[PDB]
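Structure data (mmCIF, C-alpha atoms; chains and numbers go by the auth columns) from model_11.cif:
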```cif
data_start
#
loop_
_atom_site.group_PDB
_atom_site.id
_atom_site.type_symbol
_atom_site.label_atom_id
_atom_site.label_comp_id
_atom_site.label_asym_id
_atom_site.label_seq_id
_atom_site.Cartn_x
_atom_site.Cartn_y
_atom_site.Cartn_z
_atom_site.B_iso_or_equiv
_atom_site.auth_seq_id
_atom_site.auth_asym_id
ATOM 1 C CA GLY A 1 0.000 0.000 0.000 0.00 1 H
ATOM 2 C CA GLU A 2 0.978 3.568 0.774 0.00 2 H
ATOM 3 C CA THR A 3 4.660 4.064 1.680 0.00 3 H
ATOM 4 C CA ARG A 4 6.211 6.314 4.332 0.00 4 H
ATOM 5 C CA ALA A 5 5.211 9.990 4.281 0.00 5 H
ATOM 6 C CA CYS A 6 7.299 12.380 6.334 0.00 6 H
ATOM 7 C CA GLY A 7 9.523 14.627 4.210 0.00 7 H
ATOM 8 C CA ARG A 8 6.526 14.666 1.910 0.00 8 H
ATOM 9 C CA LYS A 9 4.234 15.148 4.911 0.00 9 H
ATOM 10 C CA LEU A 10 6.251 18.244 5.864 0.00 10 H
ATOM 11 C CA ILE A 11 5.550 19.865 2.495 0.00 11 H
ATOM 12 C CA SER A 12 2.096 18.260 2.418 0.00 12 H
ATOM 13 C CA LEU A 13 0.788 19.641 5.718 0.00 13 H
ATOM 14 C CA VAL A 14 2.427 22.999 4.934 0.00 14 H
ATOM 15 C CA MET A 15 1.146 23.010 1.359 0.00 15 H
ATOM 16 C CA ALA A 16 -2.122 23.695 3.190 0.00 16 H
ATOM 17 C CA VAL A 17 -0.511 26.111 5.674 0.00 17 H
ATOM 18 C CA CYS A 18 1.735 27.941 3.175 0.00 18 H
ATOM 19 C CA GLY A 19 -0.265 27.095 0.031 0.00 19 H
ATOM 20 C CA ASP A 20 2.906 27.035 -2.087 0.00 20 H
ATOM 21 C CA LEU A 21 3.482 30.587 -0.819 0.00 21 H
ATOM 22 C CA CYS A 22 6.549 30.282 1.434 0.00 22 H
ATOM 23 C CA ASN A 23 8.944 27.495 0.325 0.00 23 H
ATOM 24 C CA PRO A 24 9.795 23.950 1.418 0.00 24 H
ATOM 25 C CA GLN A 25 13.478 24.694 0.760 0.00 25 H
ATOM 26 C CA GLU A 26 15.723 21.777 1.788 0.00 26 H
ATOM 27 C CA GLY A 27 13.024 19.592 3.372 0.00 27 H
ATOM 28 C CA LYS A 28 15.555 16.815 4.071 0.00 28 H
ATOM 29 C CA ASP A 29 15.978 17.820 7.726 0.00 29 H
ATOM 30 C CA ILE A 30 13.037 19.710 9.246 0.00 30 H
ATOM 31 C CA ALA A 31 11.063 16.597 8.309 0.00 31 H
ATOM 32 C CA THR A 32 13.523 14.635 10.471 0.00 32 H
ATOM 33 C CA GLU A 33 11.630 15.784 13.575 0.00 33 H
ATOM 34 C CA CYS A 34 8.115 16.012 12.083 0.00 34 H
ATOM 35 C CA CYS A 35 8.262 12.542 10.484 0.00 35 H
ATOM 36 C CA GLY A 36 6.543 11.592 13.757 0.00 36 H
ATOM 37 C CA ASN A 37 7.950 13.504 16.752 0.00 37 H
ATOM 38 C CA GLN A 38 8.042 17.316 17.080 0.00 38 H
ATOM 39 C CA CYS A 39 5.916 19.694 14.967 0.00 39 H
ATOM 40 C CA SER A 40 4.194 23.102 15.243 0.00 40 H
ATOM 41 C CA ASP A 41 3.203 26.167 13.198 0.00 41 H
ATOM 42 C CA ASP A 42 6.469 27.803 14.310 0.00 42 H
ATOM 43 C CA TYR A 43 8.358 24.730 13.073 0.00 43 H
ATOM 44 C CA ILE A 44 6.545 25.144 9.745 0.00 44 H
ATOM 45 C CA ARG A 45 7.972 28.666 9.331 0.00 45 H
ATOM 46 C CA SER A 46 11.497 27.195 9.183 0.00 46 H
ATOM 47 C CA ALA A 47 10.149 24.482 6.851 0.00 47 H
ATOM 48 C CA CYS A 48 8.252 26.872 4.578 0.00 48 H
ATOM 49 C CA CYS A 49 10.211 30.099 5.135 0.00 49 H
ATOM 50 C CA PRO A 50 13.207 29.621 7.440 0.00 50 H
#
```

Could you write out this file's structure as structure tokens?
Amino acid sequence: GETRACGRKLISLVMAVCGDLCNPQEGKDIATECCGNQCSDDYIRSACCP
């Protein structure tokens, strides 16, 4: 079935918070804590516009 979704989940959940407005620049790290541990709107800022 579906595979893992974390780095994608970081840009996925923000795609609804940023709406392709900010930028998921280098998402191979911030998603290291949101894959299933720490997350938050503030964390999104550094994932969409750090």

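If you apply the PyMOL selection byres ((chain H and resi 25) around 8) to this structure, you end up with residues 23, 24, 26, 27, 47, 48 and 49 of chain H.
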
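Within the 8 Å cut-off around residue 35 (chain H), using all atoms listed in the file and omitting residues fewer than 2 positions from it on the same chain, the listed residues are residues 5, 6, 7, 9, 10, 31, 32, 33 and 37 of chain H.
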
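Between CA of residue 39 (chain H) and CA of residue 14 (chain H) lies a distance of 11.1 Å.
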
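Of note, CA of residue 43 (chain H) and CA of residue 30 (chain H) are spaced 7.9 Å apart.
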
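Computed from the coordinates, the CA of residue 1 (chain H) to CA of residue 17 (chain H) distance equals 26.7 Å.
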
Determine the axis-aligned bounding box of all atoms of region 16-24 of chain H present in the file, pad each side by 8 Å, and express its centre and edge lengths in Å to one decimal place as lines of an AutoDock Vina configuration file.
```
center_x = 3.8
center_y = 27.1
center_z = 1.8
size_x = 27.9
size_y = 22.9
size_z = 23.8
```

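With distances taken over only C-alpha atoms, H:46 is the one residue among H:36, H:41, H:46, H:3 lying closest to residue 22 (chain H).
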
Reconstruct N, CA and C atoms of region 1-33 of chain H; output as a JSON list (two decimals), in the frame of the given file.
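Listing of part31.json after writing:
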```json
[["chain", "number", "residue", "atom", "x", "y", "z"],
["H", 1, "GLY", "N", 0.77, -1.32, 0.00],
["H", 1, "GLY", "CA", 0.00, 0.00, 0.00],
["H", 1, "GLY", "C", 0.75, 1.29, 0.00],
["H", 2, "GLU", "N", 0.28, 2.26, 0.73],
["H", 2, "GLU", "CA", 0.98, 3.57, 0.77],
["H", 2, "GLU", "C", 2.34, 3.40, 1.45],
["H", 3, "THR", "N", 3.31, 4.18, 1.06],
["H", 3, "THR", "CA", 4.66, 4.06, 1.68],
["H", 3, "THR", "C", 4.79, 5.08, 2.81],
["H", 4, "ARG", "N", 6.00, 5.32, 3.24],
["H", 4, "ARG", "CA", 6.21, 6.31, 4.33],
["H", 4, "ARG", "C", 5.88, 7.71, 3.81],
["H", 5, "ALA", "N", 5.53, 8.61, 4.70],
["H", 5, "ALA", "CA", 5.21, 9.99, 4.28],
["H", 5, "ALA", "C", 5.62, 10.92, 5.41],
["H", 6, "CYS", "N", 6.78, 11.48, 5.28],
["H", 6, "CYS", "CA", 7.30, 12.38, 6.33],
["H", 6, "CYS", "C", 7.90, 13.61, 5.66],
["H", 7, "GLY", "N", 8.96, 13.45, 4.91],
["H", 7, "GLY", "CA", 9.52, 14.63, 4.21],
["H", 7, "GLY", "C", 8.41, 15.16, 3.33],
["H", 8, "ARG", "N", 7.66, 14.26, 2.76],
["H", 8, "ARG", "CA", 6.53, 14.67, 1.91],
["H", 8, "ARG", "C", 5.44, 15.24, 2.81],
["H", 9, "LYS", "N", 5.27, 14.66, 3.96],
["H", 9, "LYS", "CA", 4.23, 15.15, 4.91],
["H", 9, "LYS", "C", 4.59, 16.57, 5.36],
["H", 10, "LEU", "N", 5.86, 16.88, 5.44],
["H", 10, "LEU", "CA", 6.25, 18.24, 5.86],
["H", 10, "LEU", "C", 5.80, 19.25, 4.81],
["H", 11, "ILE", "N", 5.99, 18.93, 3.56],
["H", 11, "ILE", "CA", 5.55, 19.86, 2.50],
["H", 11, "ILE", "C", 4.06, 19.67, 2.26],
["H", 12, "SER", "N", 3.55, 18.52, 2.62],
["H", 12, "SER", "CA", 2.10, 18.26, 2.42],
["H", 12, "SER", "C", 1.28, 19.06, 3.44],
["H", 13, "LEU", "N", 1.56, 18.89, 4.70],
["H", 13, "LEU", "CA", 0.79, 19.64, 5.72],
["H", 13, "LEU", "C", 1.02, 21.14, 5.53],
["H", 14, "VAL", "N", 2.20, 21.54, 5.13],
["H", 14, "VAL", "CA", 2.43, 23.00, 4.93],
["H", 14, "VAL", "C", 1.81, 23.44, 3.62],
["H", 15, "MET", "N", 1.77, 22.59, 2.63],
["H", 15, "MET", "CA", 1.15, 23.01, 1.36],
["H", 15, "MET", "C", -0.24, 23.57, 1.68],
["H", 16, "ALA", "N", -0.79, 23.17, 2.79],
["H", 16, "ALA", "CA", -2.12, 23.70, 3.19],
["H", 16, "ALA", "C", -1.92, 24.89, 4.12],
["H", 17, "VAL", "N", -0.78, 24.97, 4.75],
["H", 17, "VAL", "CA", -0.51, 26.11, 5.67],
["H", 17, "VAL", "C", 0.17, 27.24, 4.89],
["H", 18, "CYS", "N", 1.04, 26.90, 3.98],
["H", 18, "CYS", "CA", 1.74, 27.94, 3.18],
["H", 18, "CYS", "C", 1.04, 28.08, 1.82],
["H", 19, "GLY", "N", 0.43, 27.03, 1.35],
["H", 19, "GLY", "CA", -0.26, 27.10, 0.03],
["H", 19, "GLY", "C", 0.75, 27.43, -1.06],
["H", 20, "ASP", "N", 1.87, 26.75, -1.06],
["H", 20, "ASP", "CA", 2.91, 27.04, -2.09],
["H", 20, "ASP", "C", 3.24, 28.52, -2.07],
["H", 21, "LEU", "N", 3.17, 29.14, -0.92],
["H", 21, "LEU", "CA", 3.48, 30.59, -0.82],
["H", 21, "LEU", "C", 4.90, 30.76, -0.26],
["H", 22, "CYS", "N", 5.19, 30.15, 0.85],
["H", 22, "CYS", "CA", 6.55, 30.28, 1.43],
["H", 22, "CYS", "C", 7.53, 29.43, 0.60],
["H", 23, "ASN", "N", 8.02, 28.33, 1.12],
["H", 23, "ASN", "CA", 8.94, 27.50, 0.32],
["H", 23, "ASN", "C", 9.50, 26.35, 1.18],
["H", 24, "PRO", "N", 9.30, 25.14, 0.73],
["H", 24, "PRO", "CA", 9.80, 23.95, 1.42],
["H", 24, "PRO", "C", 11.26, 23.73, 1.04],
["H", 25, "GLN", "N", 12.04, 24.77, 1.12],
["H", 25, "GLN", "CA", 13.48, 24.69, 0.76],
["H", 25, "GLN", "C", 14.19, 23.65, 1.62],
["H", 26, "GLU", "N", 14.99, 22.82, 1.01],
["H", 26, "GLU", "CA", 15.72, 21.78, 1.79],
["H", 26, "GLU", "C", 14.79, 21.15, 2.83],
["H", 27, "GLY", "N", 13.95, 20.24, 2.41],
["H", 27, "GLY", "CA", 13.02, 19.59, 3.37],
["H", 27, "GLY", "C", 13.64, 18.28, 3.86],
["H", 28, "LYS", "N", 14.90, 18.08, 3.62],
["H", 28, "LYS", "CA", 15.56, 16.82, 4.07],
["H", 28, "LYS", "C", 16.18, 17.03, 5.45],
["H", 29, "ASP", "N", 15.44, 17.58, 6.36],
["H", 29, "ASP", "CA", 15.98, 17.82, 7.73],
["H", 29, "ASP", "C", 14.82, 18.19, 8.65],
["H", 30, "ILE", "N", 14.18, 19.30, 8.39],
["H", 30, "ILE", "CA", 13.04, 19.71, 9.25],
["H", 30, "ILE", "C", 12.08, 18.53, 9.36],
["H", 31, "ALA", "N", 11.97, 17.78, 8.30],
["H", 31, "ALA", "CA", 11.06, 16.60, 8.31],
["H", 31, "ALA", "C", 11.68, 15.48, 9.15],
["H", 32, "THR", "N", 12.87, 15.69, 9.65],
["H", 32, "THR", "CA", 13.52, 14.64, 10.47],
["H", 32, "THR", "C", 12.89, 14.63, 11.86],
["H", 33, "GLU", "N", 12.28, 15.71, 12.24],
["H", 33, "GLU", "CA", 11.63, 15.78, 13.58],
["H", 33, "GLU", "C", 10.11, 15.70, 13.42]]
```
